[PDB]
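For reference, the chain that follows is the form solved without the named molecule, supplied as structure tokens.
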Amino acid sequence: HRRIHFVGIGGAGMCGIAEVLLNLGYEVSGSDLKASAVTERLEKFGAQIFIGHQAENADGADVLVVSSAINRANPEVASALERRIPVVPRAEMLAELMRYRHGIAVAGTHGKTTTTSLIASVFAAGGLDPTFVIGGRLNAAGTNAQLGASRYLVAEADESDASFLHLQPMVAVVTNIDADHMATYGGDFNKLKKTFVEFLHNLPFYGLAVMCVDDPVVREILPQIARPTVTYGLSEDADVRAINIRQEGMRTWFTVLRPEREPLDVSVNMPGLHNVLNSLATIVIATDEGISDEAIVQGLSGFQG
């Protein structure tokens, strides 16, 4: 399959996915009601754009991507269904892109967004220009380059999304495990917990699970994770720890302890222990990746918030 066709390609969650697919070398077409700078950018990069939803727009596509739900009223969708051309939802296509890159999946019911941003800021500090996903939208610091150009794709993994268990990361973070989204799992928190174990098991045997042992549910499932693991937190027995947490004005300073390294002092612009933990997750990922102390410090301290 080589031509992907987006119904509503100008839609916020959609344009960024089409751009990555263009970066990977696929043929991309798309349809939208209105033309905008977002459609002209995609066009400049090689997408075929159609204005209006006529059934013929889907002609030649090997797969369709739709924004919300499968709408057989849309003649583009209906025509593909009538010819058994697969129609995948936006969220699954988003998840697939990680199969083409060194994917860092940031799970956890709270702390996903800030941790993704801190990772991205630190990797950018190291010159790696990562593409990252927050709230379903793809981004990168560099604005003229195409999304997906980096070797790295950093994304939050929502355990209430139907593609959670289809992520294929190289590294996976679990900041915490909360019962917010029990309803996705038959309102049973034990099923939700088992899903996190399954998620962590989609890592390869050479992957890396990065786990907040300060969360007692994370600490409970740790022995079940048959993958390389690095723990972090304030806990005395965590692999990577923060001590001497202090404040200078509106900024938080602390010392990070890591295996086989000297203690490293660090600061971040945001308050609260949770942002200290989000920095530790970030420091774990960057350390394992080979990023320098200078880039870690620079990325953590420059993140606005």
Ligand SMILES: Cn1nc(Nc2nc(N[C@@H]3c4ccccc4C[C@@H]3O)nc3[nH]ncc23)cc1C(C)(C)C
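A residue's number is simply how far along the shown sequence it sits, counting from 1.
Although not depicted, the form deposited with the named molecule bound is the subject of the following passage.
Comment: the named molecule is not present in this chain, but in the entry with it bound one of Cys212, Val154, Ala157, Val122 has a heavy atom within 4.5 Å of it, namely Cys212. Checked against the named molecule in the entry with it bound, the residues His274, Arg41, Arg251, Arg258 give one hit for a heavy atom within 4.5 Å, which is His274. Using a 4.5 Å heavy atom cutoff, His110, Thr114 and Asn278 all lie near the named molecule in the entry with it bound. At a distance threshold of 4.5 angstroms between non-hydrogen atoms, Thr175 is in contact with the named molecule in the entry with it bound. When the named molecule is considered in the entry with it bound, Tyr232 lines it closely, a heavy atom lying within 4.5 Å. Only one listed stretch (85-93, 175-183, 201-209, 124-132) carries heavy atoms within 4.5 Å of the named molecule in the entry with it bound, and that stretch is 175-183.
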